[PDB]
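A.B. asks: Got a file for you: start_17.csv, CSV, C-alpha atoms.
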```
chain,number,residue,atom,x,y,z
A,7,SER,CA,117.4,-70.8,-171.4
A,8,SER,CA,120.7,-71.9,-173.1
A,9,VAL,CA,122.2,-75.4,-172.8
A,10,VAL,CA,125.2,-75.6,-170.5
A,11,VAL,CA,128.3,-76.8,-172.5
A,12,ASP,CA,131.6,-78.4,-171.6
A,13,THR,CA,135.1,-77.5,-172.9
A,14,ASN,CA,134.6,-80.0,-175.8
A,15,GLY,CA,131.4,-78.2,-177.0
A,16,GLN,CA,129.1,-81.0,-175.7
A,17,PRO,CA,126.0,-80.4,-173.6
A,18,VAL,CA,126.6,-81.0,-169.9
A,19,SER,CA,124.7,-84.1,-168.8
A,20,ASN,CA,122.0,-84.4,-166.1
A,21,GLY,CA,123.9,-86.5,-163.4
A,22,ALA,CA,125.3,-89.0,-165.9
A,23,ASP,CA,128.8,-87.6,-166.1
A,24,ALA,CA,131.2,-85.9,-163.7
A,25,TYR,CA,133.0,-82.6,-164.6
A,26,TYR,CA,136.0,-80.6,-163.3
A,27,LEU,CA,135.2,-77.0,-162.6
A,28,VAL,CA,138.4,-75.3,-163.9
A,29,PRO,CA,138.8,-71.7,-162.8
A,30,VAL,CA,139.8,-69.3,-165.6
A,31,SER,CA,141.6,-66.8,-163.2
A,32,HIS,CA,143.1,-69.4,-160.7
A,33,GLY,CA,144.2,-72.1,-163.2
A,34,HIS,CA,146.6,-73.8,-160.7
A,35,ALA,CA,143.8,-74.6,-158.2
A,36,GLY,CA,141.1,-77.3,-158.0
A,37,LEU,CA,138.0,-78.2,-156.0
A,38,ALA,CA,138.6,-79.8,-152.6
A,39,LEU,CA,137.4,-79.9,-149.1
A,40,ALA,CA,138.7,-78.0,-146.1
A,41,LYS,CA,137.8,-77.4,-142.4
A,42,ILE,CA,135.9,-74.1,-141.6
A,43,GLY,CA,135.3,-73.4,-137.9
A,44,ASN,CA,136.1,-75.8,-135.1
A,45,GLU,CA,135.0,-78.7,-137.2
A,46,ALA,CA,136.8,-82.1,-137.1
A,47,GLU,CA,136.2,-83.1,-140.7
A,48,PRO,CA,136.7,-80.9,-143.8
A,49,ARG,CA,133.2,-79.9,-145.0
A,50,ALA,CA,133.9,-76.5,-146.8
A,51,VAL,CA,134.2,-76.5,-150.5
A,52,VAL,CA,137.3,-74.7,-151.6
A,53,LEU,CA,139.6,-74.1,-154.5
A,54,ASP,CA,143.0,-75.5,-153.3
A,55,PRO,CA,146.4,-74.9,-155.0
A,56,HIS,CA,147.5,-78.4,-153.7
A,57,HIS,CA,144.6,-80.1,-155.4
A,58,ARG,CA,144.5,-80.0,-159.2
A,59,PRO,CA,142.4,-80.5,-161.3
A,60,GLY,CA,140.4,-81.3,-158.1
A,61,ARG,CA,137.3,-83.3,-157.3
A,62,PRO,CA,134.8,-83.4,-160.2
A,63,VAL,CA,131.1,-82.5,-159.7
A,64,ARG,CA,127.7,-83.7,-161.1
A,65,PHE,CA,124.8,-81.4,-161.9
A,66,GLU,CA,121.4,-82.8,-161.1
A,67,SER,CA,117.8,-81.8,-162.0
A,68,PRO,CA,114.6,-83.9,-161.3
A,69,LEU,CA,113.4,-83.0,-164.9
A,70,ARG,CA,113.6,-86.1,-167.1
A,71,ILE,CA,115.9,-84.5,-169.7
A,72,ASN,CA,119.5,-85.5,-170.3
A,73,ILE,CA,121.0,-82.1,-170.6
A,74,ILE,CA,121.3,-79.1,-168.3
A,75,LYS,CA,120.1,-75.6,-169.2
A,76,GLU,CA,121.1,-72.3,-167.5
A,77,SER,CA,117.5,-71.9,-166.3
A,78,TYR,CA,117.4,-75.2,-164.3
A,79,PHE,CA,117.7,-75.4,-160.6
A,80,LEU,CA,120.4,-77.8,-159.8
A,81,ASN,CA,121.9,-79.9,-157.1
A,82,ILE,CA,125.7,-79.9,-157.4
A,83,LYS,CA,127.6,-82.8,-155.8
A,84,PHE,CA,130.9,-84.5,-155.4
A,85,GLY,CA,130.8,-88.3,-155.8
A,86,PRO,CA,128.4,-90.7,-157.5
A,87,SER,CA,125.1,-89.7,-159.2
A,88,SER,CA,122.3,-91.4,-157.2
A,89,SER,CA,124.0,-90.8,-153.8
A,90,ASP,CA,122.9,-88.2,-151.2
A,91,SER,CA,126.5,-87.5,-149.9
A,92,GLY,CA,128.8,-84.7,-151.1
A,93,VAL,CA,125.8,-82.5,-151.9
A,94,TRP,CA,126.6,-78.7,-152.0
A,95,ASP,CA,124.7,-76.2,-149.9
A,96,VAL,CA,125.3,-72.7,-148.6
A,97,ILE,CA,125.6,-72.3,-144.8
A,98,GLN,CA,126.3,-69.1,-142.8
A,99,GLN,CA,129.5,-69.9,-140.9
A,100,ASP,CA,132.3,-67.7,-139.6
A,101,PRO,CA,135.0,-66.8,-140.6
A,102,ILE,CA,133.9,-67.4,-144.2
A,103,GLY,CA,130.3,-66.0,-144.4
A,104,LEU,CA,127.8,-67.7,-146.7
A,105,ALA,CA,130.0,-70.7,-147.2
A,106,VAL,CA,129.5,-73.5,-149.8
A,107,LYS,CA,129.7,-76.8,-147.8
A,108,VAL,CA,128.9,-80.4,-148.4
A,109,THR,CA,126.1,-82.3,-146.8
A,110,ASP,CA,124.5,-85.7,-146.8
A,111,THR,CA,120.9,-84.8,-147.9
A,112,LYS,CA,119.6,-83.8,-151.3
A,113,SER,CA,116.4,-81.9,-152.0
A,114,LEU,CA,114.2,-82.6,-155.1
A,115,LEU,CA,115.3,-79.2,-156.4
A,116,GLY,CA,118.7,-77.9,-155.6
A,117,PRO,CA,119.5,-74.2,-155.0
A,118,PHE,CA,122.1,-73.6,-157.7
A,119,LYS,CA,122.1,-72.5,-161.4
A,120,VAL,CA,125.0,-72.6,-163.8
A,121,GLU,CA,125.0,-69.3,-165.8
A,122,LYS,CA,127.2,-68.0,-168.6
A,123,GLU,CA,129.8,-65.4,-167.5
A,124,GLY,CA,132.6,-64.0,-169.6
A,125,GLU,CA,134.5,-66.9,-171.2
A,126,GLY,CA,132.9,-69.7,-169.0
A,127,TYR,CA,130.2,-70.1,-166.3
A,128,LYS,CA,129.5,-69.0,-162.8
A,129,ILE,CA,127.6,-70.8,-160.1
A,130,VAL,CA,124.7,-68.9,-158.7
A,131,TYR,CA,122.9,-69.6,-155.4
A,132,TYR,CA,119.2,-69.0,-154.9
A,133,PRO,CA,118.0,-68.7,-151.2
A,134,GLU,CA,114.5,-69.4,-152.7
A,135,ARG,CA,113.4,-70.3,-156.3
A,136,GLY,CA,111.3,-67.1,-157.0
A,137,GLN,CA,114.2,-64.7,-156.2
A,138,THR,CA,117.3,-63.2,-157.8
A,139,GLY,CA,120.5,-65.2,-157.5
A,140,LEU,CA,123.7,-64.7,-155.5
A,141,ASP,CA,127.0,-65.3,-157.3
A,142,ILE,CA,129.4,-67.8,-155.8
A,143,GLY,CA,132.9,-66.3,-155.5
A,144,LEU,CA,136.0,-66.9,-153.5
A,145,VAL,CA,137.1,-66.0,-149.9
A,146,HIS,CA,141.0,-66.1,-149.7
A,147,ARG,CA,142.0,-67.6,-146.3
A,148,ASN,CA,144.6,-70.1,-145.1
A,149,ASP,CA,146.2,-70.3,-148.5
A,150,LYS,CA,143.0,-71.5,-150.2
A,151,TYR,CA,139.9,-69.9,-151.8
A,152,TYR,CA,136.7,-70.8,-150.0
A,153,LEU,CA,133.7,-70.9,-152.2
A,154,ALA,CA,131.1,-68.5,-150.8
A,155,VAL,CA,128.5,-65.9,-151.8
A,156,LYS,CA,130.2,-63.0,-153.3
A,157,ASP,CA,127.6,-61.3,-155.4
A,158,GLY,CA,129.1,-59.2,-158.3
A,159,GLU,CA,132.4,-61.1,-158.0
A,160,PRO,CA,131.8,-64.6,-159.4
A,161,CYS,CA,134.4,-67.3,-159.7
A,162,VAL,CA,134.3,-68.0,-163.5
A,163,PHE,CA,134.8,-71.7,-164.4
A,164,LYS,CA,135.2,-73.8,-167.6
A,165,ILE,CA,133.4,-77.2,-167.3
A,166,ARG,CA,135.7,-80.0,-168.4
A,167,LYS,CA,134.2,-83.5,-168.6
A,168,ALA,CA,136.2,-85.8,-166.3
A,169,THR,CA,136.2,-88.4,-169.2
B,1,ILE,CA,112.4,-96.0,-169.2
B,2,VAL,CA,113.5,-98.3,-166.3
B,3,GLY,CA,112.0,-101.8,-166.0
B,4,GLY,CA,110.3,-101.6,-169.4
B,5,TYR,CA,110.3,-103.6,-172.7
B,6,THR,CA,111.1,-103.1,-176.3
B,7,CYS,CA,108.1,-101.5,-177.9
B,8,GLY,CA,108.6,-102.7,-181.5
B,9,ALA,CA,108.5,-100.8,-184.7
B,10,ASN,CA,104.8,-100.1,-185.2
B,11,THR,CA,103.6,-100.1,-181.6
B,12,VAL,CA,104.0,-96.5,-180.6
B,13,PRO,CA,103.5,-94.6,-183.9
B,14,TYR,CA,102.6,-91.3,-182.3
B,15,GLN,CA,106.0,-91.1,-180.5
B,16,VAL,CA,108.4,-88.6,-181.9
B,17,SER,CA,111.9,-87.4,-180.9
B,18,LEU,CA,112.9,-83.8,-180.4
B,19,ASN,CA,116.3,-83.2,-182.0
B,20,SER,CA,118.9,-80.4,-182.3
B,21,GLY,CA,121.8,-82.5,-183.6
B,22,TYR,CA,121.2,-85.0,-180.7
B,23,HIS,CA,118.0,-86.6,-179.3
B,24,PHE,CA,117.0,-84.6,-176.2
B,25,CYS,CA,113.2,-85.1,-175.5
B,26,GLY,CA,110.2,-87.2,-176.6
B,27,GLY,CA,107.0,-85.8,-177.9
B,28,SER,CA,103.6,-86.9,-179.2
B,29,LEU,CA,102.1,-86.4,-182.6
B,30,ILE,CA,98.5,-85.2,-182.0
B,31,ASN,CA,97.6,-84.4,-185.6
B,32,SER,CA,99.6,-84.4,-188.9
B,33,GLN,CA,101.1,-80.9,-188.2
B,34,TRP,CA,101.2,-80.6,-184.4
B,35,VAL,CA,103.3,-82.2,-181.6
B,36,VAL,CA,102.9,-81.9,-177.9
B,37,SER,CA,105.9,-82.1,-175.6
B,38,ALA,CA,107.2,-80.6,-172.3
B,39,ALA,CA,107.8,-76.9,-171.8
B,40,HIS,CA,111.2,-77.6,-170.3
B,41,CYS,CA,112.2,-79.3,-173.6
B,42,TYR,CA,111.9,-75.9,-175.4
B,43,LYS,CA,114.9,-75.2,-177.6
B,44,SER,CA,115.4,-73.0,-180.7
B,45,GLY,CA,115.4,-74.7,-184.1
B,46,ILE,CA,113.9,-78.1,-183.0
B,47,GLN,CA,113.7,-80.8,-185.6
B,48,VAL,CA,111.0,-83.4,-185.0
B,49,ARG,CA,111.9,-87.0,-186.0
B,50,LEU,CA,109.0,-89.3,-186.7
B,51,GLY,CA,108.8,-93.0,-187.6
B,52,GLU,CA,111.9,-93.8,-185.6
B,53,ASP,CA,112.3,-97.0,-183.6
B,54,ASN,CA,116.0,-97.1,-183.6
B,55,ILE,CA,117.1,-93.5,-182.9
B,56,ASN,CA,120.8,-94.2,-183.8
B,57,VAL,CA,120.2,-95.4,-187.4
B,58,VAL,CA,118.5,-94.0,-190.6
B,59,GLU,CA,115.9,-96.8,-191.1
B,60,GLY,CA,114.3,-95.0,-194.1
B,61,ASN,CA,110.8,-94.9,-192.6
B,62,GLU,CA,111.9,-91.7,-190.8
B,63,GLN,CA,110.5,-88.2,-191.4
B,64,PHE,CA,112.6,-85.3,-190.1
B,65,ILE,CA,110.4,-82.2,-190.0
B,66,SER,CA,111.5,-78.8,-188.6
B,67,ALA,CA,109.4,-76.9,-186.1
B,68,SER,CA,107.9,-73.7,-187.5
B,69,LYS,CA,106.4,-72.6,-184.2
B,70,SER,CA,107.3,-73.8,-180.7
B,71,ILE,CA,104.7,-72.5,-178.2
B,72,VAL,CA,105.4,-72.9,-174.5
B,73,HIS,CA,102.3,-72.7,-172.4
B,74,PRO,CA,102.0,-68.9,-171.4
B,75,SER,CA,101.8,-69.8,-167.6
B,76,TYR,CA,104.9,-72.2,-167.7
B,77,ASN,CA,106.7,-71.5,-164.5
B,78,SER,CA,110.4,-72.5,-164.4
B,79,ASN,CA,110.5,-72.2,-160.6
B,80,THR,CA,107.6,-74.6,-159.8
B,81,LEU,CA,107.5,-76.9,-162.9
B,82,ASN,CA,103.8,-76.1,-163.3
B,83,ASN,CA,102.2,-76.0,-166.7
B,84,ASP,CA,105.0,-78.1,-168.2
B,85,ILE,CA,103.6,-78.4,-171.8
B,86,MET,CA,104.6,-77.1,-175.2
B,87,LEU,CA,103.0,-77.3,-178.7
B,88,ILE,CA,105.2,-77.6,-181.8
B,89,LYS,CA,103.6,-76.7,-185.1
B,90,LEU,CA,105.5,-78.7,-187.8
B,91,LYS,CA,106.5,-76.8,-191.0
B,92,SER,CA,104.9,-79.5,-193.1
B,93,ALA,CA,102.4,-82.2,-192.5
B,94,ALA,CA,103.8,-85.6,-191.5
B,95,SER,CA,102.9,-88.3,-194.0
B,96,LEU,CA,101.0,-91.0,-192.0
B,97,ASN,CA,101.9,-94.7,-192.4
B,98,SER,CA,102.5,-97.8,-190.2
B,99,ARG,CA,105.1,-96.1,-188.0
B,100,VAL,CA,103.6,-92.5,-188.0
B,101,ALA,CA,100.1,-91.9,-186.6
B,102,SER,CA,98.5,-89.3,-184.3
B,103,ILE,CA,97.3,-89.8,-180.8
B,104,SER,CA,94.0,-88.1,-179.9
B,105,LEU,CA,93.4,-85.9,-176.9
B,106,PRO,CA,91.2,-87.0,-174.0
B,107,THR,CA,87.6,-86.0,-173.6
B,108,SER,CA,87.9,-86.4,-169.8
B,109,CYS,CA,90.6,-87.0,-167.1
B,110,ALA,CA,91.8,-90.4,-166.3
B,111,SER,CA,91.3,-92.2,-162.9
B,112,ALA,CA,93.5,-93.7,-160.3
B,113,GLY,CA,94.4,-97.3,-161.1
B,114,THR,CA,94.0,-96.9,-164.9
B,115,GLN,CA,96.9,-98.6,-166.7
B,116,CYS,CA,98.9,-96.4,-169.1
B,117,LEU,CA,101.6,-96.9,-171.7
B,118,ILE,CA,104.7,-94.7,-171.1
B,119,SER,CA,107.4,-94.7,-173.8
B,120,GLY,CA,110.8,-93.3,-174.6
B,121,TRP,CA,114.5,-93.6,-175.4
B,122,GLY,CA,115.6,-92.4,-172.0
B,123,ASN,CA,117.9,-94.0,-169.4
B,124,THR,CA,117.1,-97.7,-168.6
B,125,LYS,CA,118.9,-97.8,-165.2
B,126,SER,CA,117.9,-96.7,-161.7
B,127,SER,CA,121.6,-96.3,-160.8
B,128,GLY,CA,124.1,-95.4,-163.5
B,129,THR,CA,123.2,-94.8,-167.1
B,130,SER,CA,122.4,-96.9,-170.2
B,131,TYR,CA,120.6,-95.5,-173.2
B,132,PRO,CA,118.8,-97.9,-175.6
B,133,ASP,CA,119.0,-97.9,-179.4
B,134,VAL,CA,115.3,-98.8,-179.7
B,135,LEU,CA,112.1,-97.3,-178.2
B,136,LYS,CA,111.2,-98.7,-174.7
B,137,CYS,CA,107.7,-99.1,-173.3
B,138,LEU,CA,106.3,-99.4,-169.8
B,139,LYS,CA,102.8,-100.1,-168.4
B,140,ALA,CA,102.2,-98.0,-165.3
B,141,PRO,CA,99.0,-97.0,-163.4
B,142,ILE,CA,97.8,-93.5,-162.5
B,143,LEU,CA,98.3,-92.9,-158.8
B,144,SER,CA,95.8,-91.0,-156.6
B,145,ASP,CA,96.5,-87.3,-156.2
B,146,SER,CA,96.7,-87.7,-152.4
B,147,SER,CA,99.5,-90.3,-152.7
B,148,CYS,CA,101.2,-88.2,-155.3
B,149,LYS,CA,101.1,-85.3,-152.8
B,150,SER,CA,102.3,-87.6,-150.0
B,151,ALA,CA,105.2,-88.7,-152.3
B,152,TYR,CA,106.2,-85.0,-153.1
B,153,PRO,CA,105.0,-82.5,-150.4
B,154,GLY,CA,104.4,-79.0,-151.6
B,155,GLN,CA,105.3,-79.7,-155.2
B,156,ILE,CA,102.3,-81.3,-156.9
B,157,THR,CA,99.8,-78.9,-158.5
B,158,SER,CA,96.4,-79.6,-160.1
B,159,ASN,CA,98.2,-79.8,-163.5
B,160,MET,CA,100.3,-82.8,-162.5
B,161,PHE,CA,99.7,-86.4,-161.8
B,162,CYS,CA,101.8,-89.3,-160.6
B,163,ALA,CA,102.0,-92.7,-162.3
B,164,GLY,CA,104.1,-95.8,-161.7
B,165,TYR,CA,105.0,-97.9,-158.7
B,166,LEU,CA,105.7,-96.7,-155.1
B,167,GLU,CA,107.7,-100.0,-154.7
B,168,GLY,CA,110.2,-98.8,-157.3
B,169,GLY,CA,111.9,-100.7,-160.1
B,170,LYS,CA,109.7,-99.4,-163.0
B,171,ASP,CA,109.6,-95.7,-164.0
B,172,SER,CA,110.4,-93.1,-166.7
B,173,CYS,CA,113.8,-91.5,-166.5
B,174,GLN,CA,116.2,-88.9,-168.0
B,175,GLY,CA,115.8,-88.7,-171.8
B,176,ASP,CA,112.1,-89.6,-171.6
B,177,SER,CA,110.9,-86.0,-170.9
B,178,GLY,CA,108.2,-84.7,-173.2
B,179,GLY,CA,107.1,-88.2,-174.2
B,180,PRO,CA,103.6,-89.7,-174.1
B,181,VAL,CA,101.6,-91.2,-171.3
B,182,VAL,CA,98.6,-93.0,-173.1
B,183,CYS,CA,95.6,-94.3,-171.1
B,184,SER,CA,92.4,-95.8,-172.7
B,185,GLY,CA,93.8,-94.8,-176.1
B,186,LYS,CA,94.2,-91.1,-175.4
B,187,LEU,CA,97.1,-88.8,-174.5
B,188,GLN,CA,96.7,-88.3,-170.8
B,189,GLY,CA,100.3,-87.3,-169.7
B,190,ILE,CA,103.6,-85.9,-170.7
B,191,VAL,CA,106.8,-87.1,-169.0
B,192,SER,CA,108.0,-84.2,-166.7
B,193,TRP,CA,109.9,-85.1,-163.6
B,194,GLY,CA,110.6,-87.1,-160.4
B,195,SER,CA,113.1,-87.7,-157.7
B,196,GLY,CA,115.7,-90.1,-159.3
B,197,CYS,CA,114.2,-92.9,-161.4
B,198,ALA,CA,112.4,-96.0,-160.2
B,199,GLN,CA,113.1,-95.3,-156.5
B,200,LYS,CA,110.9,-96.4,-153.7
B,201,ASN,CA,108.1,-93.9,-153.0
B,202,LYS,CA,109.4,-91.5,-155.7
B,203,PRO,CA,107.0,-92.1,-158.7
B,204,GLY,CA,107.1,-90.3,-162.0
B,205,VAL,CA,105.3,-86.9,-162.3
B,206,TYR,CA,103.5,-86.1,-165.5
B,207,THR,CA,101.8,-83.1,-167.0
B,208,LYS,CA,98.0,-83.5,-166.8
B,209,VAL,CA,97.0,-83.1,-170.5
B,210,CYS,CA,93.2,-83.3,-169.8
B,211,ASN,CA,93.5,-79.8,-168.1
B,212,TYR,CA,95.0,-78.3,-171.3
B,213,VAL,CA,92.8,-79.7,-174.1
B,214,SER,CA,90.8,-76.4,-174.5
B,215,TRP,CA,94.1,-74.4,-174.6
B,216,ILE,CA,95.6,-76.9,-177.1
B,217,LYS,CA,92.4,-76.7,-179.3
B,218,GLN,CA,92.4,-72.9,-179.2
B,219,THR,CA,96.1,-72.7,-179.9
B,220,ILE,CA,95.9,-75.0,-182.9
B,221,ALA,CA,92.8,-73.1,-184.2
B,222,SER,CA,94.5,-69.7,-183.9
B,223,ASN,CA,98.0,-70.8,-185.4
```
Hey, can you dump this file as structure tokens for me?
C.D. replies:
Amino acid sequence: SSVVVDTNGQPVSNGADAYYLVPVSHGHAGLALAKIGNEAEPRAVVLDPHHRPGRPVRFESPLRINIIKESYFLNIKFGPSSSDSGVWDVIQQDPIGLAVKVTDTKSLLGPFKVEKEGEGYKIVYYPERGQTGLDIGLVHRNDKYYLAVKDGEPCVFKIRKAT
Amino acid sequence: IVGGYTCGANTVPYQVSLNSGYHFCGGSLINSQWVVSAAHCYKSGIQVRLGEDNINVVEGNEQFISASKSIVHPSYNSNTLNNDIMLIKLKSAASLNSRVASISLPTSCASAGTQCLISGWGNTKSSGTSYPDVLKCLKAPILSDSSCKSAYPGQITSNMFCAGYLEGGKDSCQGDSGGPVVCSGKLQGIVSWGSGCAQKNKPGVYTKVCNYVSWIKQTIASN
């Protein structure tokens, strides 16, 4: 039910602004893309020490309200607002597991919620809307932290408006 | 509102803004003490602002009245967007004047092709963002339920209708939520959702107020 808030105490906007997700426990690491399996292009969303503050994200709901609440199902994307590229999804892929990846399509209602956790927020993934959520955490591999389902062990972020 | 026009001061006197230090939703004054808005606009300690045309300045014709009760529809489902309606009882009666008047509830449902007035202070752009100082207005027709369902497969219930233009260019948008859709002088819709704003084949989706009139009347009667 609560409004999601940025590091300056302002409500997070619905698509209008981009935000850095700043991890509280891995301060020297930012959002980036990396290769997973035998893939040519980097499509996995990671926290990378050589990428700080990292690529910023937008949070999008079809609801015609200009702020985001913890109860809204969201698309999360890199890049511009009205685009369909850089859209986060969760895809089973070795060696990571339920890996957060980027794709080039965007459903009406995305599968994510942003929920308060400790001193910031966690990203929670919903396989379907009626169900309980799965925390997004980190899989440490190849000197980076792949975002993946890790229920019980969320990566806690502060949300800093890109400006 | 994308592709709309400046309403003008006295033109939409039943429009209110829902405020918690910032404007976040529209609403409609349905009598001196009751406002209807969208369930997804629910927030603690809502202040309703009435008589506003320019949201960013204290014009003096304003009335700022706190909500005393905010009643989300008991079947509101945050997973499906169904039953997206809320009633706010104001703590005191609004004083009615040239810029503050109530909109009445419909006696029956509106038909496809009927022209409606949709208003709000939401985003005026289909790509990017720009928020107006003054209230914006749009004339938009109700679309058939079949074409609404073709536009958004699996997501349109009996308590929603589409309105606008499958061509694009003219629509409600972010910041318009909870605001009025008025057809034949009666409140027929509440701004709810859509895929983007003013995009081809992605019309606005509105809460179908004619389905809720008995619930609204009962709720007002008992509270």
A.B. asks: Write out as CSV the residues of range 178-216 of chain B that have any atom within 12 Å of an atom of range 81-90 of chain A, one row each with the nearest atom pair and its distance in Å to one decimal, counting all atoms listed in the file, sorted by chain and then rising number.
C.D. replies:
```
residue,atom,partner,partner_atom,distance
B:195,CA,A:88,CA,9.9
B:196,CA,A:88,CA,7.0
B:197,CA,A:88,CA,9.2
B:198,CA,A:88,CA,11.3
B:199,CA,A:88,CA,10.0
```
A.B. asks: Produce a file of the selected residues containing C-alpha atoms, as a PDB file, in the frame of the given file.
C.D. replies:
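Done, and the output landed in result28.pdb:
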```
ATOM      1  CA  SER B 195     113.100 -87.700-157.700  1.00  0.00           C
ATOM      2  CA  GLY B 196     115.700 -90.100-159.300  1.00  0.00           C
ATOM      3  CA  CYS B 197     114.200 -92.900-161.400  1.00  0.00           C
ATOM      4  CA  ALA B 198     112.400 -96.000-160.200  1.00  0.00           C
ATOM      5  CA  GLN B 199     113.100 -95.300-156.500  1.00  0.00           C
TER       6      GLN B 199
END
```
A.B. asks: Tell me which of A:161, A:40, A:74, A:18 sits closest to residue 108 in chain A, counting only C-alpha atoms.
C.D. replies: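 The shortest atom-to-atom distance to residue 108 in chain A comes from A:40.
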A.B. asks: Select, from B:85, B:210, B:182, B:151, the residue with the minimum atom-to-atom distance to residue 114 in chain A, counting all atoms listed in the file.
C.D. replies: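 Using all atoms listed in the file, the shortest distance to residue 114 in chain A belongs to B:151.
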A.B. asks: With only C-alpha atoms counted and 9 Å as the cut-off, give the residues of chain B in contact with chain A, each with its shortest interatomic distance in Å and the pair that gives it, as a Markdown table.
C.D. replies:
```
| residue | atom | partner | partner_atom | distance |
| --- | --- | --- | --- | --- |
| B:24 | CA | A:72 | CA | 6.5 |
| B:25 | CA | A:71 | CA | 6.4 |
| B:40 | CA | A:69 | CA | 7.9 |
| B:41 | CA | A:71 | CA | 7.5 |
| B:42 | CA | A:7 | CA | 8.5 |
| B:43 | CA | A:7 | CA | 8.0 |
| B:78 | CA | A:77 | CA | 7.4 |
| B:79 | CA | A:135 | CA | 5.5 |
| B:80 | CA | A:135 | CA | 8.0 |
| B:81 | CA | A:69 | CA | 8.7 |
| B:122 | CA | A:72 | CA | 8.1 |
| B:123 | CA | A:72 | CA | 8.7 |
| B:126 | CA | A:88 | CA | 8.2 |
| B:127 | CA | A:88 | CA | 6.1 |
| B:128 | CA | A:22 | CA | 6.9 |
| B:129 | CA | A:22 | CA | 6.3 |
| B:152 | CA | A:114 | CA | 8.6 |
| B:172 | CA | A:70 | CA | 7.7 |
| B:173 | CA | A:70 | CA | 5.4 |
| B:174 | CA | A:70 | CA | 3.9 |
| B:175 | CA | A:71 | CA | 4.7 |
| B:176 | CA | A:70 | CA | 5.9 |
| B:177 | CA | A:70 | CA | 4.7 |
| B:178 | CA | A:70 | CA | 8.3 |
| B:191 | CA | A:70 | CA | 7.1 |
| B:192 | CA | A:69 | CA | 5.8 |
| B:193 | CA | A:69 | CA | 4.3 |
| B:194 | CA | A:68 | CA | 5.2 |
| B:195 | CA | A:68 | CA | 5.4 |
| B:196 | CA | A:68 | CA | 6.6 |
| B:197 | CA | A:70 | CA | 8.9 |
```
A.B. asks: Would you mind reading off the distance between CA of residue 82 in chain B and CA of residue 63 in chain A, one decimal, in Å?
C.D. replies: 28.3 Å
A.B. asks: Work out how far CA of residue 181 in chain B is from CA of residue 19 in chain B, in Å to one decimal.
C.D. replies: 19.9 Å
A.B. asks: Of the residues A:120, A:168, A:104, A:53, which is the one nearest to residue 13 in chain A, using only C-alpha atoms?
C.D. replies: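 Closest to residue 13 in chain A, using only C-alpha atoms: A:168.
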A.B. asks: To one decimal place in Å, what is the distance between CA of residue 136 in chain B and CA of residue 124 in chain B?
C.D. replies: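 Atom-to-atom, CA of residue 136 in chain B and CA of residue 124 in chain B are spaced 8.5 Å apart.
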A.B. asks: Show me, as a list in words, the residues that have an atom within 12 Å of residue 43 in chain A when counting only C-alpha atoms, minus same-chain residues fewer than 4 positions from it.
C.D. replies: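 What passes the distance filter is residues 47, 48, 49, 50, 97, 98, 99, 100, 101, 102, 103, 105 and 107 of chain A.
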A.B. asks: Since we have the selection now, will you write its residues out, keeping C-alpha atoms, as a PDB file, in the coordinates of the input?
C.D. replies:
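What follows is the written file again-v7.pdb:
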```pdb
ATOM      1  CA  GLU A  47     136.200 -83.100-140.700  1.00  0.00           C
ATOM      2  CA  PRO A  48     136.700 -80.900-143.800  1.00  0.00           C
ATOM      3  CA  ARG A  49     133.200 -79.900-145.000  1.00  0.00           C
ATOM      4  CA  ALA A  50     133.900 -76.500-146.800  1.00  0.00           C
ATOM      5  CA  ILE A  97     125.600 -72.300-144.800  1.00  0.00           C
ATOM      6  CA  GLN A  98     126.300 -69.100-142.800  1.00  0.00           C
ATOM      7  CA  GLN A  99     129.500 -69.900-140.900  1.00  0.00           C
ATOM      8  CA  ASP A 100     132.300 -67.700-139.600  1.00  0.00           C
ATOM      9  CA  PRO A 101     135.000 -66.800-140.600  1.00  0.00           C
ATOM     10  CA  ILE A 102     133.900 -67.400-144.200  1.00  0.00           C
ATOM     11  CA  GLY A 103     130.300 -66.000-144.400  1.00  0.00           C
ATOM     12  CA  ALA A 105     130.000 -70.700-147.200  1.00  0.00           C
ATOM     13  CA  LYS A 107     129.700 -76.800-147.800  1.00  0.00           C
TER      14      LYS A 107
END
```
A.B. asks: Neighbouring residues of residue 162 in chain A were defined as those with any atom within 10 Å, considering all atoms listed in the file; residues of the same chain fewer than 4 positions away were excluded. Please report them as a list in words.
C.D. replies: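 Final neighbour list, sorted by chain and number: residues 27, 28, 29, 30, 31, 32, 121, 122, 123, 124, 125, 126, 127, 128, 129, 141, 142 and 143 of chain A.
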A.B. asks: Nearest to residue 154 in chain A among A:61, A:25, A:94, A:138, with distances taken over all atoms listed in the file: which residue is it?
C.D. replies: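 Of A:61, A:25, A:94, A:138, the one nearest residue 154 in chain A is A:94, counting all atoms listed in the file.
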A.B. asks: My list of candidates is B:51, B:106, B:113, B:189. Which is closest to residue 205 in chain B when distances are computed with all atoms listed in the file?
C.D. replies: B:189
A.B. asks: Name the closest residue to residue 75 in chain B among the candidates B:2, B:57, B:137, B:39; distances are taken between atoms, counting all atoms listed in the file.
C.D. replies: B:39
A.B. asks: List the spatial neighbours of residue 141 in chain B as an NGL selection string - criterion: any atom at most 6 Å away, all atoms listed in the file, same-chain residues fewer than 6 positions off excluded.
C.D. replies: :B and (113-116 or 163-164)
A.B. asks: As a list in words, please: the residues near residue 55 in chain B (cut-off 8 Å, only C-alpha atoms, same-chain neighbours under 4 positions excluded).
C.D. replies: residues 23, 121, 133, 134 and 135 of chain B
